[PDB]
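One structure below.
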Amino acid sequence: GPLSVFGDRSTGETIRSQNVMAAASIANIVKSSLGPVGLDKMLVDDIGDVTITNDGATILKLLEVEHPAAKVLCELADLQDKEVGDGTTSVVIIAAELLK
Amino acid sequence: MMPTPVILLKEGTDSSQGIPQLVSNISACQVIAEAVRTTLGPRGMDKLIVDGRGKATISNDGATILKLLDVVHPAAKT
Amino acid sequence: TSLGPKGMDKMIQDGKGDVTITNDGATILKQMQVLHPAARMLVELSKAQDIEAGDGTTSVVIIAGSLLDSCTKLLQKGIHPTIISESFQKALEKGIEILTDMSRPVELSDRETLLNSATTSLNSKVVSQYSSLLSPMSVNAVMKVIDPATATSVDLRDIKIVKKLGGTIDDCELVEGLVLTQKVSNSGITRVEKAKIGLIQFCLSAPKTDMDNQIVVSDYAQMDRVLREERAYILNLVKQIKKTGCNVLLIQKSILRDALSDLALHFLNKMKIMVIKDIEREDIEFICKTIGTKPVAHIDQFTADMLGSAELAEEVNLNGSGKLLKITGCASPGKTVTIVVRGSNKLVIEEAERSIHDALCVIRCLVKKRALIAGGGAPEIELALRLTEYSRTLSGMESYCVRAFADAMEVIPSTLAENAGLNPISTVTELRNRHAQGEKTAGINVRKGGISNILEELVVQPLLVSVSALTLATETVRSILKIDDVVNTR
Amino acid sequence: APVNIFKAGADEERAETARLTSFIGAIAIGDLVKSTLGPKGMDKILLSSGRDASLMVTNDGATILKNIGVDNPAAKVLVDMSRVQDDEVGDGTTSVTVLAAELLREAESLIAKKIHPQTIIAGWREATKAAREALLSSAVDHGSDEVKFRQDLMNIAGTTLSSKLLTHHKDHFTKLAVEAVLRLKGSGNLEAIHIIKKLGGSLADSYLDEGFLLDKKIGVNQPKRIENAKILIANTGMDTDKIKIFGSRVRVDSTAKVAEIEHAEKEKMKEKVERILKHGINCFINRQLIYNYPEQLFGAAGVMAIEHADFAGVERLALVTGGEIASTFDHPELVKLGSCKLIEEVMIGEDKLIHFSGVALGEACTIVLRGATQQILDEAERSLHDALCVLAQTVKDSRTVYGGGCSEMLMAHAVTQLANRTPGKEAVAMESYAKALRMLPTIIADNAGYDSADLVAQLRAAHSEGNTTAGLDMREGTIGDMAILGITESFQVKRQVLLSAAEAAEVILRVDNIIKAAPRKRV
Amino acid sequence: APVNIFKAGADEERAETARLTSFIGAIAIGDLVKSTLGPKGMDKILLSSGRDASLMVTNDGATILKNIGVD
Amino acid sequence: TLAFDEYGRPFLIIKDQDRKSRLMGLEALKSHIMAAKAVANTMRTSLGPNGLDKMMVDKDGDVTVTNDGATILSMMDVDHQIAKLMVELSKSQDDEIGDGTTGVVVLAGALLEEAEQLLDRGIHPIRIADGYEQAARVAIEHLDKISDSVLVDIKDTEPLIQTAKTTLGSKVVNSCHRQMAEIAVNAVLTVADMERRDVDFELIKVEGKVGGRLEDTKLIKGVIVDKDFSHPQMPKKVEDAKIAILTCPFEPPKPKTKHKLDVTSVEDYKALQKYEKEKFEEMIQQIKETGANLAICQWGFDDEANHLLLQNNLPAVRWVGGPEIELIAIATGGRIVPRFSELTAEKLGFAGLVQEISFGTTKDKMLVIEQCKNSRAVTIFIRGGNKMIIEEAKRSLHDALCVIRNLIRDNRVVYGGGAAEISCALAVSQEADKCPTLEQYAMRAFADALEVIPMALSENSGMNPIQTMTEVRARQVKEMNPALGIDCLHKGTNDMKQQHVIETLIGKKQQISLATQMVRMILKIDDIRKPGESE
Amino acid sequence: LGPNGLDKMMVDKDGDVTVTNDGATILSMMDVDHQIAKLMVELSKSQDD
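Top to bottom, those sequences are chains a, H, M, L, B, E and e. Numbering-wise, the first sequence is residues 3 to 102 according to the entry's author numbering. Numbering-wise, the second sequence is residues 1 to 78 according to the entry's author numbering. Numbering-wise, the third sequence is residues 50 to 539 according to the entry's author numbering. Numbering-wise, the fourth sequence is residues 7 to 529 according to the entry's author numbering. Numbering-wise, the fifth sequence is residues 7 to 77 according to the entry's author numbering. Numbering-wise, the sixth sequence is residues 4 to 538 according to the entry's author numbering. Numbering-wise, the seventh sequence is residues 50 to 98 according to the entry's author numbering.
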């Protein structure tokens, strides 16, 4: 009857809905730090090292993501730093909205 | 780590506020609606729901579907 | 749901954390890791298509699964498996002759057939929207290195892929020269014009023999007779190189001995000789064909006869995942070409590599057999109608088993209609009516949203794909119907 | 025994369950492979517990039984029997397995009649001798008149292959088996016919290579194709020769001497290659690996060199090229070279192989085996191995017998006619031997789905009144003449099935007591 | 039946062991009382493990079988 | 996602949502059809004259071997909401008609199996369900075209006995193929009400006693009860019975309310002793004054009564149950008398020989009544060599009694042996192409499903279904459609008119209608919400 | 004992199986746990030697 694959398989509207959530969970991080009226974040790791930043690149490099749809936005931010060098906040905000 | 007074105000109470709470409340309403989306019209389908007694009910009337879903979310109950 | 230009891709994540997105049915099945002993036979089926055709990889599985499914209504009527197997064999032998009816002979000089076939294979790929570039690249990558009209085979292992992160698909290259991932030291040159290139396997370091070597010091100045001699030895090696007239060195990686000493590079850097180091023992075969150099094992043989040519040898300063070396232009270029793959994300680049190979395999088939047929489900409808007429002339159990083989043929035009958003009940019926009338070139037009002429849409598939799809699928399922006893060993 | 036990961790069974469990466990082996007997049988898939399970699809009883893992100490007796049959003749492994099982089944029924186990054994010994004479007196000889001898080899090849995957491909693989052996005209090494397995194409697309294929493509800086090449094979050292002095060091006052010795090191390697090249050769194959330095010297000389084609590859090349191993080169005038027409590379299954075509004294060949799946390739390879093993012996012992159950009924007839001349104490046991012999044509018909109730009665009735060539017609489901149909089996294969089942079966009948030592490494 | 079983705690056997185990059990009864057939048969000792072990010697086949507890 | 929102907070809609399961798509539909295949594969093995038996082992260890689908399907442990409905299908057929306990499952399964291809063709799940209605009407309308009977339920009972033989032929009692067929006919026709065509199920009692053989089963024109004469020396034979049915104990009458008699003087103590003695004498003489010579009492007796019963030559039995005294009074034409003082000759029952039967070494003492006067009740006494054949014989005669009742309700019959099913399949196929608007595939699927019965019958009969079906279907078209069926031994030709294979019209009409409705209510579902583990 | 005697099957600790006629092997492969029974085994061994 079912596939003999020993893992977990989801099809149809399940993954089409999850990728929207995972992408939003990343855009929700940097949306609050856009423009001169934005505010900074403090990132604290498990052992007590404290980093202060508001840039989309450092934040997404330090914060771990698990969903394969979220890694796409993290890679997008990394590419912006390589190609341009700046502006790495709108590429995550705009890209997430295109999916929505 | 913030609400750490030497004496607590109430006991252990959960509290949410603002935009994520409204979005959550609307989202709960969108999800519960899924139970009847396929029941509308002359070509709608029926649903089979099994209760704790082991007995199934087969129906398509919203007044019988929504009462068996065991809804707990404060907003979805609306 | 991954069949036809309107199909979709799948994501699979393994237990190590390697996430891939792919369309090719063969690359899906290899990652699913299906355990069932009977379904694993479909993985081997798809493997054979990857070798024999290279682009027959999805339709072979839906056929094989349908042929087995068509046998259920036969087994449930008491028809002995040996009757079903012989009946499908006869249906195959007639099916292949039917396919030749649609064939059209071509020649390798026809640029339009080559561009159209390469384009067709890209319609189902994630790069289908870059076909205006990747298509003439796919044809040019092959037709210049196989010496057309001198051979009946193509060895695609001489078309190399270089993957870099950055840019987009429009930035891909089809450079005819040599692309290396090795580094240059020193970096004070970075570009040489009108170069003579040499390949050296000799180690430019202190002398050493196969035997254990010991230097014995027994006096004061004896230590200086060692240091002064080793310096002279290494310099003498450099002088042999410089007097030859070379400009750029290709140094093969050594394990037991240091290939490039600090003193050797010191003199070479002052003499303006550019050194490319850490070239693997497996890289020299491509270098020898692409540039035309020969290795030298003994420095005393390093003369002009082993040197090649290059019009421009430069380091390419990329803004992405590092940088690369590019050597462009030479006398008597060899039968090699490099494709440079670009992209914004690693997932796209990896799929682009497979799509490039899928297109390259198209010409490989067309060289082996210079004949094509219309696609779009046209040969499947033709088989279904002609095989039905065949079965109408049979008697006995074959009259029920042969039609079952024919019934399986409709699974593809039915699936193609569904994936395109069309109603298969009317689409397949209209297809069978049009072909019965005589419209042998009618099929599913996913661009118009209906049934139209396949040839006008330039959707054309090599004959070998439909011939191999039935040959490999049929033999596989006629074996599966023969294996009927599961024993679990202790 | 169970009362007053004086054993540490061991147990024993006597006279009650010792024989019961021995007969059940051993007879079960026959039922396992019973379904594989005859031309219409079904095949098995054998599965492992995991850790690269390495799924195997096979028909032959020997490959089935040797991978089961039988734990029963009595059932193991028949497993070893099937191993020997595979090693000796390579065919009939199912027939001997099921025959021994049927003999044992009858023995249990005879014990139920209160017949002493030594009387049963004695009866089978007399019945076995009767069956041996039936085979000796019915053998068919083939001597000269090669137009009839070749037909016999085609019949033997067809019979063996009809029971394996290569069913409806007989018109291709029958010739691959018979002709490959005839071309050897020598010792039945069974390694001179190499099989290369490739995916792509159908089984019918396999072919015989008239020459010899090598792996390890033609060098780096060496010619790719030479016409009318002289071939030299070698088993010598290319580099790091370290000539025969153990514990020798270079101890000098300065590095200048090291550089001078390094030149001498290469000069001797240069001389070594020149000593080989003086032979006047075009192709050089050396078992040991070729290093960067001699590769340039051979390239500069216009001579190709192959490194490490295989461990035994050089020995196989010697037989098909007509040369000698030549591990040392110090008298070029005493070294024989081979010769061929083409040394070009060919593309087979998207893999470039070195093709030695037109090779003189080519007493070897290669079969190129094509298939859709790996399971098809592995079972098809085994089918070729089985047919070649029988043919390599048929060309040495031309005696054959009539198949299709003919030989089995002839043996059962001789046992029956003589059993009726013996007193009942033993005749009941001799009759049971004949009954087991008749189970073989019954199983064959039963696997195909034929009405064995009539085929057995008709075949016995035929052989009761002459008709010593009568047998099963597995195409129509009737009784036919084996000589006209051309259904024959090797004498040696049939002899060993008879003798092995009888000898092995006695092992079980003789045992009334099993003593099982305490197990180790079980917690 | 063995594929896609929809039973809670139940099972079933068909065409393979259903008839085999039926024959095994029927013969097992026969072999028990076989020794009591005829004028020279042997007698049995029937006992339980305890709780009034109710030791009985019997010959008659019906008396034997009605005290075994066939499962 | 559930239990995780885009803001990192938990997302909880329903209680214990992580332990639920929902899968809609086409997978709910394929799962329902697939589960039905497991059910159909069971019942197909017991269809036809060669149908094989099932052994059912109950939760308490009890074992019974049966053929009756009602006894097979009712003892299942299947925990699947749709497979349970397949059992209800067999129940509805059993309650209304009582024959097709196997047929409706095989037919309904075929409709679900053939529907599988229709979903894969892209046909809307509901359009499939509606398409079956258009084809079903065709089969039903033609089913009523070919029918005839000569049964009058007076004396020409030949086709009625033949109907009982057709039904019983599938059971394990063919050693009594004729004997039980005649018993069943006589049992019903002697109690049936010809005026309304009603048969009261309570007027035929079925009893049994382990021992003997099936050939010893008899129809008794009377009643059988557990006889236990209160006095052990009472004569056990009454030649001409005048039966008093009484529902009062043979003891001095007592009030129902709280009494508490006050006794003070010795004259009160002794006087009561006399009065009570007289009550024992009067209650017995009040029976003799009516001419009665056999009393049957719901209650027990006092020791004083047993002596008086002896001296007055008045046999009696004790503790006869509620339904037993009800049936005795009706069978004997009498009435139940409340009290002793209300006894009168007009309420006495009339019967002939009264005897008790002893069976082997046991003390069962079962009643037999030889003669009766216009009785409207009968008793069947089933014998057998083991408990299993007797219990199966009860069901075997039950089916035979039911099909007789069905002919009384409606005397229209059809030809069996698959002739009706093949003819219907051909009729639907002819109209399936009039007109192929949308439903061409669905109507043909219905026609193919109808053939599941002669095909399964052919398999169980040992024939190839292709070789058998192709010949019969051709012969029914080349010539004016005869009642041509199939059989295992062929009996010469397969002419159902000569084999006398008779089935009821209203039986098959219900099998088609009930199977179709059951399929519809389980196709039109695309969501199953069954709970998983408790915690 | 004697030409009409029956043989024994000895199953060794490693799974090897041998059907034996001679007493020395029959007894040497038994896991005897009794001080006097072992001496009876030694008796058979001495006769074999």
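Note that beta-carbon positions come from the ideal geometry of N, C-alpha and C, so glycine has one too.
Proximity of the stretch 398–411 of chain M to the stretch 257–268 of chain M falls short of the contact definition, fewer than three beta-carbon pairs being nearer than 8 Å.
By the C-beta criterion, the stretch 294–303 of chain M is judged to be in contact with the stretch 323–340 of chain M, since at least 3 inter-stretch pairs fall below 8 Å. Residue-level contact check: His83(E) touches chain B, since one or more beta carbons of chain B fall below 8 Å from its beta carbon. Judged by DSSP secondary structure, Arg138(L) falls within the alpha helix (DSSP H) whose first and last residues are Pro123 to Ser143.
The stretch 204–212 of chain L makes no contact with the stretch 417–429 of chain L; the number of CB pairs closer than 8 Å stays below 3.
For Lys204(L), DSSP records a beta bridge to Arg376(L). Counting along the chain, the unbroken alpha helix (DSSP H) around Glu119(E) starts and ends at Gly106 to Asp123. At a cut-off of 8 Å between beta carbons, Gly3(a) contacts chain E. For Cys289(L), the enclosing beta strand (DSSP E) starts and ends at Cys289 to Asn292. Across the structure, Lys500(L) and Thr173(L) are spaced so that their CA atoms are roughly 22 Å apart.
The beta carbon of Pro525(L) sits closer than 8 Å to some beta carbon of chain e. In this structure the stretch 95–113 of chain E touches the stretch 501–519 of chain E; the number of beta carbon pairs closer than 8 Å is three or more. Going by C-alpha positions, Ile509(E) is about 59 Å away from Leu311(E).
Among the CB atoms of chain E, one or more fall inside 8 Å of the CB of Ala14(B). Nearest in C-alpha terms to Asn161(L), of all of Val529(L), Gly328(L), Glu216(L) and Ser496(L), is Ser496(L). Within the same chain, and ignoring the five residues on either side of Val175(M) in sequence, the residues whose Cβ sits closer than 6 Å to its Cβ are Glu400.
Within the same chain, and ignoring the five residues on either side of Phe335(L) in sequence, the residues whose Cβ sits closer than 6 Å to its Cβ are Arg281 and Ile282.
Of all residues in the stretch 435–468 of chain M, only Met446, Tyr449, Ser463 and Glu467 place a beta-carbon less than 8 Å from a beta-carbon of chain E. The stretch 417–499 of chain M is shown to contain whole beta strand (DSSP E) runs of 3 or more residues at 420–423 and 491–494, in chain order. Scanning chain H for C-beta atoms nearer than 7 Å to the C-beta of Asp8(E) yields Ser24, reported in chain order. Taken in chain order, the members of the stretch 248–275 of chain M whose beta-carbon sits within less than 8 Å of a beta-carbon on chain L are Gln250, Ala255, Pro256, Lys257, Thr258, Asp259, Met260, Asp261, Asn262, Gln263, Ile264, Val265, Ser267, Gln271, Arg274 and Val275. Secondary structure at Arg413(M): helix, using DSSP grouped into helix, strand and coil.
Of all residues in the stretch 80–104 of chain M, only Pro86, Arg89, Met90, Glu93, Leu94, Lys96, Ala97, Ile100 and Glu101 place a beta-carbon less than 8 Å from a beta-carbon of chain L. Only those residues of the stretch 460–485 of chain E whose C-beta falls short of 8 Å from the nearest C-beta of chain M are listed: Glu462, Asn467, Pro468 and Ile469. Close to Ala80(L), with beta-carbon spacing below 9 Å, are these residues of chain e in chain order: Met58 and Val66. Taking 8 Å as the upper bound on Cβ-Cβ separation, chain M lies near residues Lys73, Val74, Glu77, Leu78, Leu81, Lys84 and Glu85 of the stretch 73–88 of chain a. Here the stretch 114–124 of chain E makes no contact with the stretch 372–388 of chain E; the two share fewer than three CB pairs at distances below 8 Å.
Assignment of beta-bridge partners to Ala476(L) by DSSP yields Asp487(L). The continuous alpha helix (DSSP H) containing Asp83(a) extends over residues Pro70 to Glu85. Within the DSSP secondary-structure output, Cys300(E) pairs in a beta bridge with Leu249(E). In the structure shown, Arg527(M) adopts helical secondary structure according to DSSP, grouped into three states.
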